[PDB]
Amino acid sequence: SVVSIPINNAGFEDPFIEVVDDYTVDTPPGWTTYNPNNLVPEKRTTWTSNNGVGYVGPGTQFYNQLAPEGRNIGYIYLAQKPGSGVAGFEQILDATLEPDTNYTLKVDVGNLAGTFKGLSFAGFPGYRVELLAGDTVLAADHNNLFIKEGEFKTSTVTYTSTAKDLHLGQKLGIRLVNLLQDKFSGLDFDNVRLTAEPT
């Protein structure tokens, strides 16, 4: 029946983070920075556009629940103004597109809440989750879920291949995208899962 497709660091649990609400500002291992508009610098600091992992643990000040999975989430934060472009995470998989298969891609998407000393996390940039083969977006969920301040929700993306799909044999891939359509312009992702089932 259903087969689980392996993904590296699928719940962003590497690296380990000791202190609740702490976070890194480098690309998490197993992933790459999707950067089509060059918004995220090679060298990041507290003060730049950045991505990384963050510990959403007991006593977090910024959510009304914990990480969907384990300790950590993956986040993308953009400093540039709304409409400047998009960025996020990308992972190309070893699995290839096979014919007469239903693919289901699930990812949790989180909306950071609250304030800190004049800083405000109110609002949300929009998200898109993409399933790729090669560099083709086969299917994507472009911001269809409403995500309340301080909660996560599961996005579901589906593609069904045919006997004669043009992209057959190409490497499957995943992209988790910050749309930068409004601010606060950070968002969190967690618990990436991909399954495949013969139609």
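Basically, rigid core = biggest C-alpha set you can superpose within 1.5 Å across the two forms. Residue positions are given as counts along the sequence shown, with the first one as 1.
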**Request:** Would you mind working out which of 117-125 and 104-112 sits farther from this form in 4 other deposited structures of this protein by RMS C-alpha distance, with the rigid core as the fit?
**Result:** 117-125
**Complete:** The stretch carrying the higher mean Cα B factor in the deposited entry, 97-105 or 67-75, is 97-105
**Complete:** Comparing mean C-alpha B factor in the record for 43-51 and 160-168, the higher one is 160-168
**Item:** Among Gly114, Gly88, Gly126, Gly110 - the residue whose C-alpha B-factor is largest in the record
**Value:** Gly114
**Fill in**
Among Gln61, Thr33, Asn38, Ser155, highest Cα B-factor in the entry goes to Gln61
**Assigned third (lowest, middle, highest) for the C-alpha B factor of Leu145** = highest
**Request:** Compare the C-alpha B factor of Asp135 with those of the other modelled residues in its chain, then answer lowest, middle or highest third.
**Result:** highest
